[PDB]
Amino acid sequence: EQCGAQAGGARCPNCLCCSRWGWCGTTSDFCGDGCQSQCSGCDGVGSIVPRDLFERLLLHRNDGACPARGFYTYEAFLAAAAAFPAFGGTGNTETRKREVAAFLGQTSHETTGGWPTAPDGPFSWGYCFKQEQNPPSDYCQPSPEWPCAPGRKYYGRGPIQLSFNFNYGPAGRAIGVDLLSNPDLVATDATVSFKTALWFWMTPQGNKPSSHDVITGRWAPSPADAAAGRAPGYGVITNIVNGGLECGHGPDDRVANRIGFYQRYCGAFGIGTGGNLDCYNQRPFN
């Protein structure tokens, strides 16, 4: 609907802002700078990963047999990403798509329900789970910095399978949610769930860079990294996530599963994966 200074001063119906160029709408484009009328009353990662793509990549997550069925929505992914605008918004477009592919690859592995003969292949069964299956512990390691909340448990939750009081604490503080007190939010609120995974993705810890910096080419190895065989690529991201267990001892099915997801996703995004895909020959960071 047209409006304003070519529409006889017409205001927009439903209290819609009249844009500077004379059109009706609710975005900043209509209501901000230049807005002709009803301005106060009467382009992020979504451009790189559209709903259709997200849904096709995460093809079987809403299977009846997936305990997280229905939980991980596109709306929650976008809302979470809005809090981490550098995610999928750093570097050129190819790099942005690759960040999202890599993030989705790693988190799909953490939450996979796949099996070798699964419909549409094992790499379409990411995001099947939202909490650790049969956890062996509540993962409380008390500290003055992050005391364990009584009655609460810190088993894996969400797309990065966030675990331990000493990770829920920092994650919650960064995102403005008290996850030490209410760790179950990571499994009951999908926006919080995605936010903890993005927090992990975006945050350097100890001798590890952020996954974000690695995938966007902002990380260069240290001497110690170089002697350890740690060169930029998806492999070092696997190392960051779980290198203590999976890295430095040759071909490993967990690492390969992470790769297969990443390859399928890069495929769908029309980009290459880049090199150094594995951590078969890398010293674990830890």
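Residue numbers here begin at 1 and follow the sequence given.
Enquirer: According to the entry, are there none, 1 to 3, 4 to 9, or 10 or more residues of the deposited sequence without coordinates between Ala65 and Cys66?
Expert: In the deposited sequence, nothing is left without coordinates between these two.
Enquirer: Mean CA B-factor: is it higher for 57-65 or for 222-230?
Expert: Averaged over C-alpha atoms, the B-factors run higher in 222-230.
Enquirer: Going by the mean C-alpha B-factor recorded in the entry, which is higher: 191-199 or 85-93?
Expert: Here the higher of the two C-alpha B-factor means belongs to 85-93.
Enquirer: Sort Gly260, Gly248, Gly70, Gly32 by C-alpha B-factor from the entry and give me just the highest.
Expert: Max CA B-factor in the entry, restricted to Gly260, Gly248, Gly70, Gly32: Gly32.
Enquirer: Determine which member of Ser124, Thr117, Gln161, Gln106 has the highest CA B-factor, using the values in the deposited entry.
Expert: That would be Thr117.
Enquirer: Taking the values exactly as deposited, rank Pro209 by C-alpha B-factor within its chain and report the matching third: lowest, middle or highest.
Expert: Answer is middle: the recorded C-alpha B-factor places it there.
Enquirer: Using the temperature factors of the C-alpha atoms in this entry, rank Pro147 within its chain: lowest, middle or highest third.
Expert: Answer is middle: the recorded C-alpha B-factor places it there.
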